[PDB]
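Chemist: Have a look at this one before I ask anything.
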Amino acid sequence: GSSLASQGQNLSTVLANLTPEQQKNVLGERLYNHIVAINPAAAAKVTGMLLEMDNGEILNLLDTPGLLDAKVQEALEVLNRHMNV
């Protein structure tokens with residue numbers, strides 16, 4: 001009756017469950033910066049879109065060459081001329 005399970009600080013272990021949520025956020029912030037100074041007219045696309053079909057997959061390995069390469073090219077190739085998905 002008045003003897004339920006002994007739970008401590010469940011909420012504390014709830015924040016630790018936000019790894020892919022926070023990471024995604026940081027990635028973008030740190031992303032736009034890599035390209036902002038390099039390819040300003042793409043960062044917005046690279047950061048927002050980032051997770052694209054092709055250029056996206058690679059993104060999994062946020063690198064200086066690949067990323068900055070498949071980011072600026074793809075961003076400049078498609079540009080804001082986006083519409084569908």
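The chains in the structure tokens are called A, B, ... from first to last as shown; in each chain the residues are counted from 1, and the ligands are counted from 1 in the order shown.
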According to DSSP computed on the backbone, where in chain A is there helix (DSSP H, G or I)? Give the residues as number ranges by chain.
Modeler: A: 12-15, 19-36, 40-49, 54-59, 65-78
Chemist: Which residues, written as number ranges by chain, have at least one atom at most 7 Å from region 69-78 of chain A, with only C-alpha atoms counted and residues fewer than 3 positions away on the same chain left out?
Modeler: A: 39, 42, 45-46, 55, 65-66, 81-82
Chemist: Using only C-alpha atoms, which residue out of A:2, A:9, A:17, A:64 lies closest to residue 34 (chain A)?
Modeler: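 Among the listed residues, the smallest separation from residue 34 (chain A) belongs to A:64.
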Chemist: Nearest to residue 23 (chain A): which of A:49, A:43, A:5, A:62 is it, counting only C-alpha atoms?
Modeler: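 Of A:49, A:43, A:5, A:62, the one nearest residue 23 (chain A) is A:62, counting only C-alpha atoms.
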Chemist: CA of residue 60 (chain A) to CA of residue 12 (chain A): how many Å, to one decimal?
Modeler: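 Between CA of residue 60 (chain A) and CA of residue 12 (chain A) the gap is 28.7 Å.
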Chemist: Work out how far apart CA of residue 61 (chain A) and CA of residue 38 (chain A) are and give it in Å to one decimal.
Modeler: 19.0 Å
Chemist: What does the structure give for the distance between CA of residue 27 (chain A) and CA of residue 58 (chain A), in Å to one decimal?
Modeler: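 Separating CA of residue 27 (chain A) from CA of residue 58 (chain A) is a distance of 13.7 Å.
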